[PDB]
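Okay, here we've got a single chain as structure tokens, the form deposited in one PDB entry, with questions on binding and movement later.
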């Protein structure tokens, strides 16, 4: 029977990794990595995180089945981290998920249950994994302009015009901050306008928040999400603790369904809990507990924010250096966008040929869409990247 199986395409990421590994060049650089890495090219376990696991290992007396929708301590702590004082629990439904991806998958299954004729709008471009899930689910996908290939900024007029076409009940997916892969983000003013458009159209906003704390700061990064949450009655948020907590493999995420009234919140929470049980029963406990421990424990929380800020500030400094070097070598401020982008990613705006020229001639690897991970750069590699970009004619 299983021979009827249609061959599924590999992750590609691996192929990219293999491409790098075969290269016999000593000065080969890898900017294609999708996770954070410190100065020694390592993805460390955060101090607060290691402390939490140490504490859990000493406090846990059992591992019996726990909450189906996650633990209250975690739901509460997360909604507060994301929504701040604007958290109205009376109308907020929370579901612990298997990472941010799990949260996204669950948000799409929920919406389809509420509206079978659901149509989803995604930015151009967006996290490929978004389209993967949607295509797999067989949902009609529609695109809205977003990245301006010329300025490397946000084509806001195009985005607004495109979103205007959204009908009542349709879903529009927005990255709360640190747009992956572009690194180009909306200003709070641009968010305000988007909201007015969503009110007018009556489309349900699904916010993918996977990098809170990597752009301008924890609070600052949640600003857009918090504006949408106060203007629009129904909002779906997919939060990830993978990167901002550095617990990638633990698979900890969170789905928040903001509702118009309490009756609808019970309807949503029930359907969410139901969705978890029909997929894998209970959600992963470990990473979630680490997170609730860090946020509730004063000492730990403080140390976590402090470490995240050191990471954030460092990446920002790398951005300024690259932009500076690029300025000096270019004799123009053409590449200034690198210093404006937020998140650990940036799309350079180089065509596939230029991307291939950079690799062949300079030994620098990056995603085929010219996306680079700022965290893969340093005082020794920035000069090379600066030269490569210039020499290839970007």
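Only residues modelled in both forms are compared. Numbering follows the first chain given and starts at 1. Rigid core: the largest C-alpha set superposing within 1.5 Å between the two forms.
As for the form deposited in another entry, it is not shown, yet the points below apply to it.
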**Asked** For residue 342, is the CA shift between this form and the one not shown at least 2 Å following rigid-core superposition?
**Response** no
**Request:** With both forms fitted on the core, give yes or no for whether the Cα of residue 358 moves by 2 angstroms or more between this form and the one not shown.
**Result:** yes
**Message:** On a rigid core superposition, would residue 379 pass a 2 Å threshold for CA movement between this form and the one not shown?
**Reply:** no
**Message:** Once the rigid core is fitted, tell me which blocks of three or more consecutive residues have Cα atoms all displaced by 2 Å or more between this form and the one not shown.
**Reply:** 9-15, 17-20, 356-365, 388-394
